[PDB]
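Shown next, in structure tokens, is the structure this report addresses.
2 protein chains.
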Amino acid sequence: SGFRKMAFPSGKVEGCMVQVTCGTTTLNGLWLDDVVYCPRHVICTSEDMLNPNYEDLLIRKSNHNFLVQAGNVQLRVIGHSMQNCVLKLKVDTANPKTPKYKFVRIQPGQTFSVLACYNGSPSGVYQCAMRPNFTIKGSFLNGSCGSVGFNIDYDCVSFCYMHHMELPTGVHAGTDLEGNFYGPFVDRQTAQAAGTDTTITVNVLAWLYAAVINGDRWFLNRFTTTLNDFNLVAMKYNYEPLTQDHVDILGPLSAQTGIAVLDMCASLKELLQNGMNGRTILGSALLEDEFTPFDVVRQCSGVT
Amino acid sequence: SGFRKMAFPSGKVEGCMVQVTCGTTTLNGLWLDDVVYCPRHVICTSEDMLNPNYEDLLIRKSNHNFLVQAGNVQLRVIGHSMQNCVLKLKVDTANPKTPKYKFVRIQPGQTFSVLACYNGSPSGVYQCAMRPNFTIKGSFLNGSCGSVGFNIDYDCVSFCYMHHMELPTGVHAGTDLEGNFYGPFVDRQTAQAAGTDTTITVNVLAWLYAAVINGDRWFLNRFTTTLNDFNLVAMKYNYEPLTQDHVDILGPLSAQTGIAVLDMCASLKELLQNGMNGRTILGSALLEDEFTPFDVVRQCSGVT
Ligand SMILES: O=C(Nc1nncn1C1CC1)[C@@H]1COc2ccc(Cl)cc21
Ligand SMILES: O=C(Nc1nncn1C1CC1)[C@@H]1COc2ccc(Cl)cc21
């Protein structure tokens with residue numbers, strides 16, 4: 001037993017990290033097969049970031065201006081192209097360490113592991129959630145751009161995120177592996193506000209089920225509620241409205257614990273209206289929303 | 001910016017995980033060079049765990065009774081020995097994926113990454129702290145035994161922990177890589193209580209410095225304190241007494257932020273005596289103690 005904010009083993013993704021330099025700008029690239037994927041702002045100087053014309057900027061760049069280093073060996077660039085906000089640098093060698101992989105665009109509320117990188121080298125790994133306002137609350141310094149978010153299903157790595165920027169607010173914005181930003185953000189040094197961030201209700205519910213499984217039951221009450229009544233409370237507290245789809249996904253956890261989803265919603269409701277009163281749940285003094293019901297089932301069953 | 005409970009990249013340790021089976025018991029092993037290290041309780045049946053005589057039990061086992069599988073290939077055992085609570089299975093092949101490594105016994109309050117494993121396969125990675133009472137608050141199911149804790153210094157992996165058991169309390173106990181348990185625990189299915197767990201004061205202080213660096217400054221006050229006055233408060237709140245050694249380690253953070261260590265102690269003091277009043281620090285509603293001052297400096301500078 002025990003419940004932790006666990007990230008996937010990062011080994012398969014370490015093997016794909018490269019360093020991409022263009023001019024005086026260095027960031028991370030993702031090497032899969034004979035292609036290196038990196039944020040297109042690698043072609044800009046901080047001066048260009050005010051309002052870059054990426055099409056015009058890329059036109060003054062040749063395959064030889066993109067320096068791609070895999071550890072200590074240089075990769076030969078034989079093609080370059082821009083797909084949305086990412087650059088695809090065709091190299092002459094397929095990465096020997098390319099795992100089975102998919103490029104997926106995740107939905108808000110879903111979770112993933114980020115392998116933070118600097119100069120193509122990994123520094124750490126942590127578990128994130130794509131916020132409902134399409135930002136992530138990461139840990140990213142200068143040069144962390146190009147670091148990827150991913151999930152793993154036995155041997156296949158589903159790359160879902162590539163890091164691009166930190167908003168003036170301190171939250172992080174980025175793209176899927178086709179270069180489409182999650183949210184309204186554009187890769188420009190301009191003030192961009194993220195929308196109202198809501199709490200991922202289904203994830204909090206899943207984490208409440210994980211708490212019951214792990215012995216923390218103090219918050220369980222003698223009450224129940226309806227989806228409509230719960231959603232009136234969730235609205236007031238800027239929680240995502242719970243749907244029958246969310247209840248359906250909570251099914252395995254409801255079955256494992258023997259606690260009906262609406263019963264757990266009534267515990268959540270009392271916790272929202274009354275607070276924790278100085279108590280903790282799974283070592284936390286606030287309601288955790290970065291575990292999906294799939295993460296809870298997975299961690300509580302030891303899927304490798 | 002942004003502050004996360006970050007684990008080290010787990011790739012170098014994934015390459016060392018093997019599955020060790022003895023009789024009907026399966027757990028994880030750590031393959032470095034021509035040696036596989038695993039908990040000695042792999043030789044026991046749950047019946048034997050009541051009061052095992054490991055010396056007597058091991059004597060009925062031959063090199064051929066220890067099944068060591070690395071992924072899908074079988075390792076040939078040519079020697080077996082017991083060092084304290086670990087078994088060292090000499091195999092005929094040196095692990096091709098052995099990284100530069102050290103076996104280190106960490107001090108309470110220090111942090112490390114755990115690569116949770118089942119049947120020799122990795123399921124996840126998370127950052128832990130060795131508690132002052134020598135337990136860890138992990139996430140470990142049946143078969144997770146043999147999973148290791150470690151730190152990384154550029155290319156060298158310092159293995160510091162091997163998982164052995166879950167105490168009746170739900171907290172975790174284990175050994176260093178020489179088989180010596182951290183704490184008073186013995187590898188036996190007997191009621192073993194961990195001592196009073198205290199809060200790692202120097203780590204909370206370091207995390208308060210990380211909060212200031214990342215923009216969360218609400219908790220900073222117009223007050224100061226002395227080491228003696230602070231320690232009277234820390235005692236009442238079951239915090240570890242702060243020494244001049246702890247203040248010395250906090251030096252880089254004090255210098256980076258411009259906030260004297262004793263000034264930060266006075267903010268901690270007011271937070272202990274008054275609470276957070278519904279506010280958060282680095283997205284947390286409680287005082288975090290699982291980041292050492294080295295982790296804060298490291299994450300805030302992007303060491304790879
Ligand atoms: O934010 C950026 N890098 C970044 N991402 N996480 C952390 N950081 C560094 C702390 C700043 C760069 C700098 O200014 C811009 C503007 C637009 C783009 Cl597309 C990218 C950047
Ligand atoms: O606790 C143990 N495994 C374990 N460690 N983390 C999680 N778990 C499983 C949930 C139980 C085994 C079972 O009983 C004992 C008694 C003594 C030893 Cl040395 C080892 C064990």
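Line order of the protein sequences matches chains A and A'. A prime marks a further copy of an entry chain. So the first sequence is numbered by the deposited numbering: it starts at 1 and just counts up by one. So the second sequence is numbered by the deposited numbering: it starts at 1 and just counts up by one. Positions of the beta carbon are idealized from the N, C-alpha and C atoms, including for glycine.
8 Å Cβ cutoff met for residue i and residue j
i                      : j                      : result
residue 128 (chain A') : residue 143 (chain A') : no
residue 122 (chain A)  : residue 17 (chain A)   : yes
residue 8 (chain A)    : residue 119 (chain A)  : no
residue 225 (chain A') : residue 266 (chain A') : yes
residue 104 (chain A') : residue 158 (chain A') : yes
residue 27 (chain A')  : residue 44 (chain A')  : no
residue 306 (chain A') : residue 170 (chain A)  : As displayed, chain A' neither begins before 1 nor continues past 304, which places residue 306 (chain A') out of reach and without an answer.
residue 20 (chain A')  : residue 36 (chain A')  : yes
residue 187 (chain A') : residue 41 (chain A')  : yes
residue 161 (chain A') : residue 112 (chain A') : yes
residue 176 (chain A)  : residue 131 (chain A)  : no
residue 184 (chain A)  : residue 250 (chain A)  : no
residue 133 (chain A)  : residue 195 (chain A)  : yes
residue 206 (chain A') : residue 253 (chain A') : yes
residue 242 (chain A)  : residue 232 (chain A)  : no
residue 305 (chain A') : residue 6 (chain A)    : In the structure displayed, chain A' extends from 1 to 304; residue 305 (chain A') sits before or after that span and is not available.
residue 49 (chain A')  : residue 189 (chain A') : yes
residue 70 (chain A')  : residue 285 (chain A)  : no
Sheet register partners of residue i (DSSP bridge)
i                      : result
residue 122 (chain A') : A':117
residue 153 (chain A)  : A:156
residue 128 (chain A)  : A:112
residue 28 (chain A')  : A':19
residue 246 (chain A') : Note: residue 246 (chain A') sits in no beta bridge, so no partner.
residue 86 (chain A')  : A':39, A':83
residue 67 (chain A)   : A:21
residue 174 (chain A)  : A:163
residue 75 (chain A')  : A':68
residue 7 (chain A')   : A:125
residue 281 (chain A)  : A:284
residue 239 (chain A)  : A:199
residue 134 (chain A)  : DSSP, once it has assigned bridges, lists no residue as partnering residue 134 (chain A).
residue 209 (chain A') : Paired residues: none, contrary to the question.
residue 97 (chain A)   : Its beta-bridge partners do not exist; DSSP assigns none.
Pairwise C-alpha distance: residue j and residue i
i                      : j                      : result
residue 68 (chain A')  : residue 76 (chain A')  : 7 Å
residue 90 (chain A')  : residue 51 (chain A')  : 27 Å
residue 174 (chain A') : residue 193 (chain A)  : 47 Å
residue 303 (chain A)  : residue 235 (chain A') : 42 Å
residue 275 (chain A') : residue 288 (chain A)  : 20 Å
residue 164 (chain A') : residue 172 (chain A') : 8 Å
residue 79 (chain A)   : residue 72 (chain A)   : 21 Å
residue 167 (chain A') : residue 191 (chain A') : 7 Å
residue 82 (chain A')  : residue 126 (chain A') : 29 Å
residue 56 (chain A)   : residue 296 (chain A') : 41 Å
residue 10 (chain A')  : residue 100 (chain A)  : 18 Å
residue 282 (chain A)  : residue 74 (chain A)   : 47 Å
residue 114 (chain A)  : residue 4 (chain A')   : 11 Å
residue 53 (chain A')  : residue 178 (chain A)  : 59 Å
residue 223 (chain A)  : residue 202 (chain A)  : 19 Å
residue 149 (chain A)  : residue 117 (chain A)  : 11 Å
residue 153 (chain A') : residue 264 (chain A') : 29 Å
residue 106 (chain A') : residue 59 (chain A')  : 32 Å
residue 180 (chain A') : residue 22 (chain A')  : 21 Å
residue 14 (chain A')  : residue 15 (chain A)   : 12 Å
residue 182 (chain A') : residue 141 (chain A)  : 35 Å
residue 208 (chain A') : residue 24 (chain A')  : 48 Å
residue 12 (chain A)   : residue 298 (chain A)  : 19 Å
Beta-carbon proximity list for residue i, same chain, < 7 Å, skipping 5 on both sides
i                      : result
residue 279 (chain A)  : 218
residue 204 (chain A)  : 268, 287, 288, 289
residue 300 (chain A)  : 210, 213
residue 108 (chain A') : 130, 131, 132, 134
residue 88 (chain A)   : 35, 37, 81
Close Cβ partners of residue i (< 8 Å) along its chain, the five nearest in sequence each way excluded
i                      : result
residue 102 (chain A') : 156, 157, 158, 159
residue 221 (chain A') : 266, 267, 270
Other residues of its chain near residue i: CB distance less than 6 Å, five sequence neighbours each side excluded
i                      : result
residue 146 (chain A)  : 27, 28, 29, 38, 39
residue 33 (chain A')  : 94, 98
residue 262 (chain A)  : 224, 225
residue 247 (chain A') : 261
residue 237 (chain A') : 272
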